[PDB]
Amino acid sequence: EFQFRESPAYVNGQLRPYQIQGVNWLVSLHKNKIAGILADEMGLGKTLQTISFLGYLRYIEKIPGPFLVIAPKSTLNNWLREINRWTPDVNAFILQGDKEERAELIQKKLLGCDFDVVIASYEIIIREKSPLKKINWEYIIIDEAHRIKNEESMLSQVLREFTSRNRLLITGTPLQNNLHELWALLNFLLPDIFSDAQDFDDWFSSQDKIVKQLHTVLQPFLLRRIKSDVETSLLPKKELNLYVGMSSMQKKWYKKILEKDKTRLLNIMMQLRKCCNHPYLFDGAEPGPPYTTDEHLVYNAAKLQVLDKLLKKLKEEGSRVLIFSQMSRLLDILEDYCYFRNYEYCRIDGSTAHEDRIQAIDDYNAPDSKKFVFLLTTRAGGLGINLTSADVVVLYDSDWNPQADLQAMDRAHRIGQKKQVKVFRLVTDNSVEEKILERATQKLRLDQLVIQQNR
Amino acid sequence: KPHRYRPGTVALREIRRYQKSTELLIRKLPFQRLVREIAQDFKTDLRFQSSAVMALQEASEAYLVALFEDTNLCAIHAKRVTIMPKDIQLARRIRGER
Amino acid sequence: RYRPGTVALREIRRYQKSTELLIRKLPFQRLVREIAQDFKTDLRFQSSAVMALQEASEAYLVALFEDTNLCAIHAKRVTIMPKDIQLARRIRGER
Amino acid sequence: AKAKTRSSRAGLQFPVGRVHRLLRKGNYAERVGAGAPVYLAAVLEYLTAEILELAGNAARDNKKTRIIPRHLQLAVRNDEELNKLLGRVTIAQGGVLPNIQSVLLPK
Amino acid sequence: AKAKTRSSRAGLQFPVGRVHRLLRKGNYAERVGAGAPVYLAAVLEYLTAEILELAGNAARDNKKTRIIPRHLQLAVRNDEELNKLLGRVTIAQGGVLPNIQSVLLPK
Amino acid sequence: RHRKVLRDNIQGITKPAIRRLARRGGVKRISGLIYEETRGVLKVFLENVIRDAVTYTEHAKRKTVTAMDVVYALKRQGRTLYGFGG
Amino acid sequence: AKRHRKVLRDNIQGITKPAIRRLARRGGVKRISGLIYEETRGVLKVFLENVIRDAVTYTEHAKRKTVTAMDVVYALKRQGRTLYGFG
Amino acid sequence: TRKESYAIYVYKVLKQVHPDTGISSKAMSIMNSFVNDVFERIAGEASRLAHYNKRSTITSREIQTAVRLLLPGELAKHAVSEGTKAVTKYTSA
Amino acid sequence: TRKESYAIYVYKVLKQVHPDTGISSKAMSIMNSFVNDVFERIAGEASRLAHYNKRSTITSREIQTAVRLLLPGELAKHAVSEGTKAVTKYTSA
DNA sequence: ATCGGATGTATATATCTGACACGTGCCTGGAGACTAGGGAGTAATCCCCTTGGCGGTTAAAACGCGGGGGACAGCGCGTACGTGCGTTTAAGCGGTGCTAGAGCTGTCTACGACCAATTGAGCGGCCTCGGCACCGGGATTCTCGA
DNA sequence: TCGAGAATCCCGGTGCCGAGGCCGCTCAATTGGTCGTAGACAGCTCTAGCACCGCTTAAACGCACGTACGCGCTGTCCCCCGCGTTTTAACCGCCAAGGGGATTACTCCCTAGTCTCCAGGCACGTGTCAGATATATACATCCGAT
Ligand SMILES: Nc1ncnc2c1ncn2[C@@H]1O[C@H](COP(=O)(O)OP(=O)(O)OP(=O)(O)O)[C@@H](O)[C@H]1O
Ligand SMILES: [Mg+2]
């Protein structure tokens, strides 16, 4: 069959050999009337491989057709700017904007069939589902396809109603929590082949009796390439855990929360995490009014206190920092801190508008890049984007899901980094943060020590 | 010149369209916040069923609508068309709850 | 002669100080018997039963007159009127 | 012999046996007669039929073929006996009767 | 052994045994606990003492040595908690509280 | 044996009696149309109470209406009356 | 400073003026004075306090820690306003 | 566990009254609450009637008197007719 | 036949409160009906509390909860204190 | 604005009187002691429902502005009502007779509780389709400036 | 006055979702005997409700007058409504955690039932004192001439 020996002719630029192998894998998958999970590690050109496969489908099999690309809201522009760069002949648009502009775009292009690729987000797929369901899609592509790890989610249910000739799933972290998530992803690709929750669960039941069976079962439907056996030029990450104490204010507030000391405290863990991040996240802690930002912020929070010294030292060495957080208000506190320290931040969060996200990414990635730090939230700004300019990643607080942090760190450890990437996870001593770190470590081991290791 | 309705026509239109419908007129989230804050003074750290909050909202809205009908009657009795705090107070006084 | 309203206030004070029954007993008893004969012919009544009925009726009427006075004062008047009584009963929910 | 429900014997649709049990386990009296459940079930069935007939008429007047709380509310509030019986009752999602005072209407 | 009333054991004036009998012969529940009559008797005694204190003060205010329904009415209606408790209650030969609206007084 | 209505007994609630009741209610000035309305209101109230009392009486298989029947009827209407038993 | 943007300065203020107007329109009211809104908020607060106090008493007696729709229904019935449609 | 209700009986009565109309879930819940409320009212009034008359048994005439006390006007007559007819039919068989 | 009243207990409480005050027969009858009314309210609330919670026993917990439900404000607190004191004194003896 | 004079109300005193507080005898209901059994408290389990914060979408809310119409004060004018007088009638009191009815007592006896075996009716779970909710587009109606 | 014009109503079309129908448990309702007691029935008694009559006198009724109040009209002003713009907070979906609620099994202890006293509460006289009644007096107050 077509083994595509060399770099695609129609594709501008030259792609590395493993990308050609991945494209060949996709072609073979297509011919054998099956669908797979392109699951290379975070940083390798999965998007380029998908675009090259689409270029093959349009130029060698002569099927321009309708193509659907579902991606997180922060990566729509990246998809557009790469389709227009590698195969600058495909008609592709983003179905985003107000419901008036969305209606205009639908009536003009979608219902006029004046398009080749429709890029959309997970929210616009559930919302503009009636016009989109009226198309016989040839390929339905889902970037960061671990969002459908739950089969009862409305996105999954809506997606199981479209008509599609074939499907493709892209994600760098296929296994999230347990094995049922993998079944939820596979039931979308091959609903007829698997179709079975209990059979899948009990054929496997979480030596060699099952793990090798895992490798044989997913062998035809999943392809993984690790960044160490493939790139061998990107330097590996040097991650460090900065254990910190607590401030007297933090000690007092932690004691008050644990000793049940009119405000409603129904989720103890979340309040303890808020205390460990910054005491000012609690209403009334900050001295005032009048409220001033002068210096009190930095010393009554141990994490911010360590961060100040590390950030100063890095600025002297001349590095640029990425700072991720689980909370958006803590990101406001960090905004105010960089205001007083006279830094140049480039915040993006879940409430940031589309064009604002585009502008922030380009400003931080622009040549000479006068911005110093990037403020992101691990959920909104922790997927797909390409902040390879920076070299230091600071994880201000850990997540219950270790993969949500792996994604965040790999926003700088990708193709075209040519630097040393240093990760500083900030952990608070003798708190709940150690508990979440332990649980995340166990969940990480569950999959990494077992299934994806041989890949 | 633009088109403006007389100062009392839109009001009748809203009266008709709101007496024809049956949905809840208060926003759910603010009402939930109010309920939890009020309840916090009797017992600390209570949980609430969604159906419980829904029942409270239904009862409260029915109560306020009936009170507004009584207030309207009092205002019309005073030969006005605007309702006033004195009208509300009189309605609650006659009902035996003040 | 006393000006209109002086004797009315004297009567208000007298009757809010006293506690006896303000309707004559024989007319009220005849009224009770006449009403009751439309439900069962040839009924008999205990004297205490008729007294209980009079007590309840007078309490009900006095409370109604208090509410009627409030409605009249709300309408910026000092004379009570049938519309005042009707409004009071409508608000109380007896209509 | 062949079991025959007491509802069938009395020509009813409501459960005479269930009503009898609910009377016994309700702490209403020490002893419960044989005809009390039959009487109570018949009365409950009559009241249910009355409300349902009025609500079905109200549903028909709106060109609908399913009774909803709005129709129940309209039926109850539009006749005096049921309005007096359910005088202090709130029907959830029922709304109100359309009623504008005459002095508010334009001249 | 000599007999001691449950009221004396609980330090009450109201009768615990009579309250127990009325509880278990009034169709309230299948069983009645031992402390329920004691609690109920104490509560009833407290309320009675409250009302009688207020009525005795009212009777003294009129230079009388016997409590009459007028004194009971004055006590109940002048005390706000008791007025809420007995809001729907009529006291025979009680009268009303003296209260004239200020708009009716001479100018 | 013998029973009839004599002299239209609702007019036995005279105008002075209604004025006395209004004075106890705190009313200073009375319109001349209050009396007929008051008589109608009193008749309706008495009709409801007496209907319930007679229902109790004839359930008890008696022919005499008792104060306890009246008290039960008032409690049913929601107007408890202290001082006549119960 | 973007840390200190604002709070809603009470939760009783979340019963907004348009919502009170909608309730008045369902009640049949045509004009509304400007002082009606504070009065309505006070009235609603009193009503809610009574009902919730009774419901929480029921919940504590049942030795539970979550208020249920049945508790709310019993509290309303006790206060004399029966609610149909919740149990 | 099992929750018993009056839903099937209400549906049977509905099919007798309007053979072609349906009913929604919320409406059925409201009907169930209505039936329970009326049952409780009648049973409570009958119970306290029996207590007043120093009886210990709740009988069909106690139920009849409770119905007369509770239902208004023309509802009482038709409800009493239905109850008497049912009791007669039952005792005959 | 005999008729049972609360008159002697009410008189004892009165002599405790005001040692030199009497009471007339009409006022005594009013107090008797007041005691019966409050008894009925509290016992009915306790009964339906036990029914709600699927208990078949009326205990001092039911009585205390019913008192809290029925009495307003300060009355409820003082009545609860009195009842608890009496139950403790009874149990200790 | 301020005295003079009627006028109605509260106060003190002496007098019955009938209603309340007291003392006596009985019986019935409460307390003590014992037994038996079943209701509820206790501990363990599990799984489900609540909580909290975020991400994106978007419709409602908040603010400002222009104007008209409704509330409120002032004035004048009948008219309806309050006050007082004289007359009569009917209510309240009392005393009497009577007889209908309500309550107590004793005796069955039919009816309701209890119990064990059994089966069928109701519930919970699982499926489809028809009724109802958007949705655009035309018709009709009503309002506001002429 | 009649011609714009904005809102509402049909009305056909589409989809989607919630109502209706079907299939296995399982538990609760039915059947058949067995008791025992709650209530129905007959008889008797006494009491209290009714009917009548006579007297008295206080309250109700009818009339007249004059005043003050309800009502209608006018004018003003201010405040609330209708409308447009922007953004912000609600809404819904997502994603974790874990606390709390519902179930089950076990046992013990607390309550009911029984029998036997016995003392406390009720009914019944009985004196006697708090209070209602009548009379005289002083005072606060209202209403009309200076
Ligand atoms: N053949 C190539 N030549 C040059 N650059 C490439 C090539 N392939 C990929 N890249 C670089 O990789 C970046 C694109 O990111 P990529 O498509 O690898 O994201 P991903 O790793 O697939 O997604 P995620 O990291 O979210 O899993 C681009 O900036 C591009 O410069
Ligand atoms: Mg990517």
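Letters go in sequence order (proteins before strands), and every chain restarts at 1. Just the heavy atoms: all of them, side chains too, but no hydrogens, waters or symmetry mates, feed the values below.
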Considering every strand and a 4.0 Å limit on heavy-atom distances, what is the contact class for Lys63(G): base, sugar-phosphate, or nothing? nothing

Can you work out whether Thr9(B) or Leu22(C) has the more 5'-proximal nearest nucleotide on DNA chain K? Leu22(C)

Residues which pass side chain to side chain contact (heavy atoms under 4.5 Å, CB included) with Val158(A), listed by chain and number, not counting sequence neighbours: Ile125(A), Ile126(A), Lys129(A), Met154(A), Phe162(A)

Quick one: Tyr2(C) OH to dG5(J) P, roughly how many Å, whole number? 16 Å

Whether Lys65(G) contacts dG100(K) is assessed here as follows: a side-chain N or O lying under 4.0 Å from the phosphate OP1 or OP2. Is that the case? yes

In whole Å, what is the span from the CG atom of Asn62(D) to the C1' atom of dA133(J)? 15 Å

Could you work out which one of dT50(J), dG82(J), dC72(J) sits closest to the side chain of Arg19(F)? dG82(J)

Can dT128(J) and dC129(J), neighbours in the strand, be said to stack by the measure of ring centres under 5.5 Å and ring planes under 30 degrees? no

Return the nearest nucleotide to the side chain of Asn267(A); candidates are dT51(J), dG122(J), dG70(K). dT51(J)

With respect to the phosphate group of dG120(K), does any side-chain polar atom (N or O) of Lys4(E) fall under 4.0 Å of OP1 or OP2? no

Would one find more than 12 heavy atoms of other residues, nucleotides or ligands at under 6.0 Å from atom NZ of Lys25(D)? yes

Among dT51(J), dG70(K), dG131(K), find the nucleotide with the atom closest to the side chain of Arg66(E). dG131(K)

Pseudorotation half of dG94(J) (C1'-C2'-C3'-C4': positive north, negative south): north

What is the nucleic acid contact for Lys2(D), judged by heavy atoms within less than 4.0 Å: base, sugar-phosphate only, or nothing? sugar-phosphate

Looking only at the side chain of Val10(B) (C-beta and beyond, no hydrogens), which of the listed nucleotides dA31(J), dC83(K), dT51(J) gets closest? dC83(K)

Short side-chain to backbone donor-acceptor contact, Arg10(C) and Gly5(C), under 3.5 Å: no

Just wondering, are more than 12 heavy atoms of other shown residues or ligands nearer than 6.0 Å to NZ in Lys25(C)? no

Without swapping roles, check the side chain of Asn401(A) against the backbone of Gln403(A) for a donor-acceptor pair under 3.5 Å. yes

Going strictly by the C1'-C2'-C3'-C4' torsion (positive north, negative south), how would you label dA60(J)? south

How would you label the contact of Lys17(C) with the nucleic acid (heavy atoms, under 4.0 Å): base, sugar-phosphate, or nothing? sugar-phosphate

Note down whether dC109(K) puckers north or south, where north is a positive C1'-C2'-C3'-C4' and south a negative one. south

Quick one: label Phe45(C) by what it contacts on the DNA or RNA (base, sugar-phosphate, nothing), any heavy atom closer than 4.0 Å. sugar-phosphate

What does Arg16(B) touch in the nucleic acid at a heavy-atom separation under 4.0 angstrom: a base, only the sugar-phosphate, or nothing? nothing

When you measure from the side chain of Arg21(E), which nucleotide among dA29(K), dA7(K), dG30(J) comes out closest? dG30(J)

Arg9(E) side chain near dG32(J) phosphate (N/O to OP1/OP2, under 4.0 Å): yes

State which of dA96(K), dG120(J), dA29(K) makes the closest approach to the side chain of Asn401(A). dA96(K)

Under 4.0 Å between any heavy atoms, over every strand shown, what does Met84(B) touch: base, sugar-phosphate, or nothing? Just pick one. sugar-phosphate

What nucleic acid atoms does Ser130(A) come within less than 4.0 Å of, heavy atoms only: base, sugar-phosphate, or nothing? nothing

Just report the end-to-end axis angle for the helix from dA1(J)-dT146(K) to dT143(J)-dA4(K), five pairs per end, to 10 degrees. 130°

Got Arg29(F) and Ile80(C) here, is their nearest side-chain heavy-atom distance under 4.5 Å? no

Verify, without hydrogens or angle tests, whether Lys3(H) (side chain) and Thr1(H) (backbone) share a donor-acceptor contact under 3.5 angstrom. yes

Choose from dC142(K), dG29(J), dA29(K) the nucleotide whose nearest atom is closest to any side-chain atom of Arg2(I). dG29(J)

Counting side-chain heavy atoms from C-beta on, which of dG84(J), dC50(K), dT9(J) comes nearest to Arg1(C)? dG84(J)

Among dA102(J), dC143(K), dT57(J), find the nucleotide with the atom closest to the side chain of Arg62(F). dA102(J)

Where the side chain of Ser33(G) is defined as all heavy atoms beyond and including C-beta, which of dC80(K), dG122(J), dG120(K) is the nearest nucleotide? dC80(K)

Spacing between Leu22(E) atom CG and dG30(J) atom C1', to the nearest angstrom: 13 Å

On DNA chain K, more 5' by nearest nucleotide between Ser48(C) and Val16(D) is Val16(D)

Please confirm whether the shortest side-chain N or O distance from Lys274(A) to OP1 or OP2 of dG53(J) is below 4.0 Å. yes

Sign of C1'-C2'-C3'-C4' at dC47(J): does that make it north or south? south

Name the nucleic acid region contacted by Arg5(G), choosing base, sugar-phosphate or nothing; use a 4.0 angstrom heavy-atom cut-off, strictly under. nothing

With respect to the phosphate group of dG53(J), does any side-chain polar atom (N or O) of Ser328(A) fall under 4.0 Å of OP1 or OP2? no

Just verifying a value: how many Å separate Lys15(I) NZ and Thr21(I) OG1, rounded to the nearest 0.5 Å? 7.0 Å

Could you tell me the separation between the OH atom of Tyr122(A) and the P atom of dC94(K), rounded to a whole number of Å? 12 Å

Report which part of the nucleic acid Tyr6(H) touches: base, sugar-phosphate, or nothing (heavy-atom distance under 4.0 Å, all strands). nothing

Given DNA chain J, 5'-ward residue of the pair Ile8(H) and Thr64(F), judged by closest heavy atom: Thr64(F)

I'd like to know if the side chain of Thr5(E) reaches the main chain of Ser8(E), judged simply by a donor and an acceptor atom lying under 3.5 Å from each other, with no hydrogens or angles considered. yes

Kindly say if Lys133(A) contacts the phosphate of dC16(K), meaning a side-chain N or O under 4.0 Å from OP1 or OP2. yes

For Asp42(C) and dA102(J), what is the distance between atoms CG and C1' respectively, to the nearest whole Å? 17 Å

Tell me whether the side-chain N or O atoms of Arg31(E) pair up with the base of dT111(K) as donor and acceptor below 3.5 Å, since no angle test is needed here. no

Output yes when at least one side-chain N/O atom of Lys435(A) is less than 4.0 Å from OP1 or OP2 of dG98(K), else no. yes

Partner set under side-chain hydrogen bond (donor to acceptor under 3.5 Å, both in side chains) for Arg77(C), not counting sequence neighbours: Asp84(C)

Of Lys79(B) and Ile68(D), whose nearest nucleotide on DNA chain J comes first from the 5' end? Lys79(B)

Hey, is the main chain of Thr59(H) close enough, under 3.5 Å, to the side chain of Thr57(H) for a donor-acceptor pair? no

Within the structure, does a side-chain N or O atom of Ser56(H) lie under 4.0 Å from either OP1 or OP2 of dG39(K)? yes

Please work out if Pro30(B) contacts a base, only the sugar-phosphate, or nothing of the nucleic acid, heavy-atom cut-off 4.0 Å. sugar-phosphate

Look at all strands and tell whether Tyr11(H) reaches a base, only sugar-phosphate, or nothing, counting heavy atoms closer than 4.0 Å. sugar-phosphate

Under 4.0 angstrom, heavy atoms only, what part of the nucleic acid is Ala17(F) near: base, sugar-phosphate, or nothing? nothing

What nucleic acid atoms does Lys63(E) come within less than 4.0 Å of, heavy atoms only: base, sugar-phosphate, or nothing? nothing

Which is true for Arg17(B) with a 4.0 Å heavy-atom rule: it touches a base, it touches only sugar-phosphate, or it touches nothing? nothing

Using the six-membered ring of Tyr122(A), assess whether NZ or CZ of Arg147(A) lies under 6.0 Å from its centre and within 45 degrees of the ring axis. yes

